[PDB]
């Protein structure tokens, strides 16, 4: 979307990552596997859960229509009353439909941002120690075991050790 990661330079999503929303796919001599990044996954759950509740709570104090009756010589205020209740219903229907459209868009771009920030978190740790293929992957120059992959996910990758 706006940040170019989801359906961008990362061509598609992973069926195999059932663990969270964003994460890694490693492969080395030991074996390959998926592992969700629990930090940015949890960050997003919180952000999105709050958005949802904020949308529900903002619409609490809303217009509520009421039955009123009028006789056949009160047609002007009958009509006035109708116009006023439709009026408020139409304002609130618009406020709901638009809020959803606007925040849906923000939510999708928010996920796009989180994926891009994760790619850049890895990119800034590796630097010369890995080749940026550009499809979402990094080709290691040195060998990287399961201890070494764990450090990348931790955010504790020692660059001076491997160069």
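Basically, rigid core = biggest C-alpha set you can superpose within 1.5 Å across the two forms. Numbering follows the first chain given and starts at 1.
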TODO: Going by root mean square C-alpha distance after a core fit, say whether 95-103 or 129-137 is farther from the shown form in 6 other deposited structures of this protein.
DONE: 129-137
Task: Of 97-105 and 56-64, the one with larger mean CA B-factor - done: 56-64
TODO: Averaging the C-alpha B factors as listed in the entry, name the stretch that ends up higher: 40-48 or 107-115.
DONE: 40-48
TODO: Using the temperature factors in the entry, find which of 14, 9, 22, 140 has the highest value at its Cα atom.
DONE: 140
Task: Record-listed C-alpha B factor of residue 132: chain third - done: highest
Task: Third assignment of residue 29 from its chain's C-alpha B-factors - done: highest
